[PDB]
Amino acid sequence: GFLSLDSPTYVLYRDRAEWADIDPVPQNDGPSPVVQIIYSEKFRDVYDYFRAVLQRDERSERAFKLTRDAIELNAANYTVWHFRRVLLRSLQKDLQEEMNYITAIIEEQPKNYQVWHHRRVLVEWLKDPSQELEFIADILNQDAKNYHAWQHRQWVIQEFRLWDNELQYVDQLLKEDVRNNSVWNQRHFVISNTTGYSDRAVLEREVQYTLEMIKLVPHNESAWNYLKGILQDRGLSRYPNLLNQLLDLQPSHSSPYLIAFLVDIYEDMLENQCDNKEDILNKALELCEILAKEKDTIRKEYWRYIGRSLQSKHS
């Protein structure tokens, strides 16, 4: 019967009666090994029996249970995962029981690539995304920036058209942590694939929302980057009130992000034949100097490049 890899009564496969018929196949590392891992007895035992079932292509229930132990010893072994999926279909295994299994191993190793890809295959096979948004929200409740979890969330939402409640979920996570860049990315992902940003009421709503988040947390870079990202498509100089509204927030909510955004506005204004070109260029170069020498010295080479670029494009 079943024996978990970490159960106290786990026995090696070489001591199991139902495995006495097959000879283990040792790993051939060569006569002069390199990057040779001195496997524990338990690991070496599972993988010598895995190599045996894989070589003879034994599509049996015992081989299927053996893949669970081989995965739990090294979840990045994509060869074991491939053979487990061959056995899932050959043996007609209950895929809801496999969904329960993949749920448990993702909870244990949420940053492994293979576990998330296996979950996607099961969801595709069953054509059932009904447990996904809730499961992913549980993983994100433990690590709200898990890249694989956000990727799986976007895949489920696009593949099964589950767009209706995601902006509400995004709003909930921005309340919990307005600095979570993965959630500002999810916000852009939902809006760009539903209403789009060409709708004026949506863009106005989004810029007004973002400016309020900037007023509450002026040094949160994600809100500044989202404001810039949604207005940079048409060009920052196409929004003439943006400049004066940022200059208004400068004396009490200033930051290197506000000053950098002013340079970005002036750069686009200079490229689009703005009024008072000499004045706009002098203001842009003055801010590049302030950023390079005092307010953002880590980016001194970037700001000096921007300053030289503005002078070159004007001359």
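In this text, residue numbers run from 1 along the sequence as written.
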property: Selected stretch [higher average CA B-factor]: 179 to 187 or 166 to 174; result: 166 to 174
property: Comparing 35 to 43 with 252 to 260, the one whose average Cα B-factor in the PDB entry is higher; result: 252 to 260
property: Given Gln114, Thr79, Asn244, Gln154, the residue at which the Cα B factor reaches its maximum; result: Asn244
property: Ranked against its chain, the third holding the CA B-factor of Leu270; result: highest
property: Where the record places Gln96 (Cα B-factor, split into thirds across the chain); result: middle
property: Entry-reported Cα temperature factor of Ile306, expressed as the chain third it lands in; result: lowest
property: For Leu216, the third of its chain into which the C-alpha B factor falls; result: highest
property: Record-listed C-alpha B factor of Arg68: chain third; result: lowest
